[PDB]
Amino acid sequence: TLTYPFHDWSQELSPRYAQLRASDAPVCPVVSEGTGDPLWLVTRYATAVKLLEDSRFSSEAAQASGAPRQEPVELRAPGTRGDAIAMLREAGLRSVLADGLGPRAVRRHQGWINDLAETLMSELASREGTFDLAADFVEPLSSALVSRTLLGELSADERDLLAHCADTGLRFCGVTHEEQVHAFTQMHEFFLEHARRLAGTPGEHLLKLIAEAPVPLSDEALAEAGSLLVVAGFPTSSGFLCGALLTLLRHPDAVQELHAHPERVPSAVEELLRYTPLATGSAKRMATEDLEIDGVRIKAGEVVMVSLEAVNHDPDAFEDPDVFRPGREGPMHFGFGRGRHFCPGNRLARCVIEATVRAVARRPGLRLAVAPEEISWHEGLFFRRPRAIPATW
Ligand code: HEM
Ligand SMILES: O=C1N[C@@H](Cc2c[nH]c3ccccc23)C(=O)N2CCC[C@@H]12
Ligand SMILES: O=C1N[C@@H](Cc2c[nH]c3ccccc23)C(=O)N2CCC[C@@H]12
Ligand code: NA
């Protein structure tokens with residue numbers, strides 16, 4: 001009877017997640033508000049490990065057109081596959097994905113990412129008055145990450161178009177179904193027209209590595225790779241960096257510790273990934289056969305969701321789970337997932353989060369110019385994001 005998701009669009013997690021977690025079942029039935037599909041929902045760390053490390057629960061099967069699902073419209077342009085990352089690994093591009101997303105990419109890019117973070121923060125510090133950390137720090141930094149490491153250099157109008165498509169398509173509510181579908185169409189048509197151009201510009205952005213890779217990727221396939229990098233890399237990084245700055249600004253003692261002890265910043269990055277919520281939906285997998293999870297039978301074809309926010313706030317895994325405690329020394333967080341589908345963007349994500357944390361830690365006194373309650377949130381996004389983050393020294 002419980003409908004999903006829980007409309008917890010700000011950083012305050014829905015109390016439903018703790019209620020289910022403490023329930024007597026390790027897996028609980030819900031219904032998709034957007035489709036009426038019955039779904040299963042996992043909220044406990046121990047059960048989540050088991051689900052996401054069992055390859056008979058398939059991610060691709062849960063993404064496929066026609067699967068039971070939490071999202072109101074399919075997350076693809078009509079007529080296209082929608083499984084880009086599978087398709088690129090499919091065509092033998094694991095090596096390419098590693099060179100473009102792995103440690104060597106971070107080594108190529110970490111210099112300018114930290115230069116840009118400081119330059120942005122320095123300019124804001126030079127301002128008389130308040131400023132907006134979302135529009136004035138996160139947007140330029142996340143846009144530069146997308147252009148330089150993922151797609152190739154975008155104009156401001158192209159960045160805005162891709163951001164709008166992602167915000168419109170990656171939603172539970174607040175737009176009509178047809179608008180959502182059309183956002184995916186527009187984004188596909190943008191890369192049908194522009195992916196080869198972007199791939200051909202100088203740089204080592206991933207889309208170039210993909211387009212130049214031996215396998216002849218079609219325009220449609222290269223367009224799907226472009227769309228994947230937007231949906232997976234852009235609203236995620238923007239939303240998270242926004243949420244992480246909010247967390248830091250609400251924990252000046254933690255920031256002061258990092259200012260005095262910069263060697264502690266990596267531990268703080270990992271705690272932000274646990275503590276700061278991002279997705280308002282759930283990672284999900286389809287039972288490819290009849291399966292059982294901690295005693296509950298899951299029939300073939302049924303989809304099991306795991307809320308990574310719920311798992312990350314599981315008190316059986318993390319003591320005082322709702323406390324931001326850098327260095328807490330508990331189990332691995334789920335902010336990048338678990339198992340085979342662990343976020344491949346995790347190296348670049350950690351790079352940009354770390355650069356942001358260090359930029360903040362170097363400048364104590366940075367604070368919200370309004371109360372946390374006065375922050376306004378985009379309602380219905382998959383990936384939480386505030387409308388603005390008024391801030392000042
Ligand atoms: C910056 C913050 C980011 C966060 C918090 C994050 C988080 C995640 C998580 C939790 C998943 C797993 C979803 C699942 O289990 O089904 C995932 C998957 C993925 N991420 Fe990230 N991500 C971020 C950034 C990025 C970036 C920058 C890229 C690439 C440029 C990226 C590329 C991907 C891809 C392609 C997948 C799909 C993996 C698969 O389904 O096999 N992510 N991400
Ligand atoms: O590569 C994928 N993986 C999963 C999880 C995911 C990772 N990043 C996402 C961004 C938005 C929605 C889902 C995800 C998925 O649902 N996918 C549909 C869009 C991208 C595709
Ligand atoms: O809210 C969602 N989360 C991702 C998984 C994910 C969980 N946490 C993430 C963080 C970054 C990227 C993806 C994820 C997913 O598969 N979805 C299908 C529709 C809703 C959407
Ligand atoms: Na798997």
Side-chain angles (χ1 to χ4, degrees), residues 4-9 13-14 32-35 37 39 41-42 48-65 67-77 80-90 97 101 150 165-173 180 183-184 187-188 224-241 243 273-274 276-288 291 303-312 333-339 341-346 349 353 380-385:
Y4 195 75
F6 297 150
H7 291 240
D8 45 340
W9 315 131
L13 283 184
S14 167
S32 167
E33 68 171 14
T35 63
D37 291 334
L39 305 165
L41 177 58
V42 168
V49 169
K50 278 167 182 198
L51 180 86
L52 293 178
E53 286 178 4
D54 193 324
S55 68
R56 300 169 299 175
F57 289 99
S58 168
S59 188
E60 292 89 344
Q63 297 167 226
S65 202
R69 68 177 189 251
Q70 67 199 282
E71 63 272 24
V73 311
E74 291 190 16
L75 302 181
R76 58 172 59 71
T80 69
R81 279 170 65 165
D83 67 347
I85 190 65
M87 181 275 287
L88 298 160
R89 297 160 174 167
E90 154 75 281
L97 291 161
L101 300 169
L150 305 181
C165 289
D167 277 356
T168 306
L170 300 172
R171 269 180 177 277
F172 281 110
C173 58
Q180 274 193 266
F184 288 111
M187 185 163 59
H188 188 66
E224 290 212 35
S227 290
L228 163 69
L229 296 181
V230 175
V231 299
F234 199 7
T236 52
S237 302
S238 291
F240 187 80
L241 287 172
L273 282 153
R274 185 200 67 84
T276 303
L278 184 58
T280 61
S282 285
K284 79 301 194 191
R285 308 287 188 264
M286 180 187 282
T288 64
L291 293 159
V303 170
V304 185
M305 291 179 305
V306 178
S307 166
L308 307 184
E309 286 61 38
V311 167
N312 272 333
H333 61 76
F334 274 58
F336 290 129
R338 187 84 173 202
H341 298 289
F342 194 89
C343 173
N346 78 88
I353 299 157
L381 298 186
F382 294 168
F383 304 118
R384 288 182 181 81
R385 199 172 77 241

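Position 1 is the first residue of the sequence; numbering continues from there. Heavy atoms only: backbone and side chains are in, while hydrogens, waters and symmetry mates are out. For ligands, and for the atoms within them, numbers begin at 1 and follow the listed sequence.
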Would a distance-only check, ignoring hydrogens and angles, find a side-chain to backbone donor-acceptor pair under 3.5 Å from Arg285 to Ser58?
no

By number and element, which atoms of ligand 3 are closer than 4.0 Å to a non-hydrogen atom of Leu308?
7 (C), 8 (N)

Please test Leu97 against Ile85 for side-chain contact (heavy atoms from CB on, under 4.5 Å), starting from the C-alpha separation and ending with a verdict.
CA-CA 9 Å; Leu97 291 161; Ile85 190 65; 3.8 Å; yes

Examine distances only and state if a side-chain atom of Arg76 and a backbone atom of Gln63 form a donor-acceptor pair shorter than 3.5 Å.
yes

Please answer whether the main-chain N or O of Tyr4 pairs with a side-chain N or O of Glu33 as donor and acceptor at a distance below 3.5 Å.
no

Dump the pairs for me: ligand 2 N or O, protein N or O, distance under 3.5 Å, to 0.1 Å.
| residue | atom | partner | partner atom | Å |
| --- | --- | --- | --- | --- |
| ligand 2 | 16 (O) | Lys284 | NZ | 2.6 |

Is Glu224 reaching over with its side chain to a backbone N or O of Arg81, donor-acceptor style, under 3.5 angstrom?
yes

Out of the candidates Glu74, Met286, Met305, only one should pair with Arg69 under the side chain to side chain contact (heavy atoms under 4.5 Å, CB included) rule; please name it.
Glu74

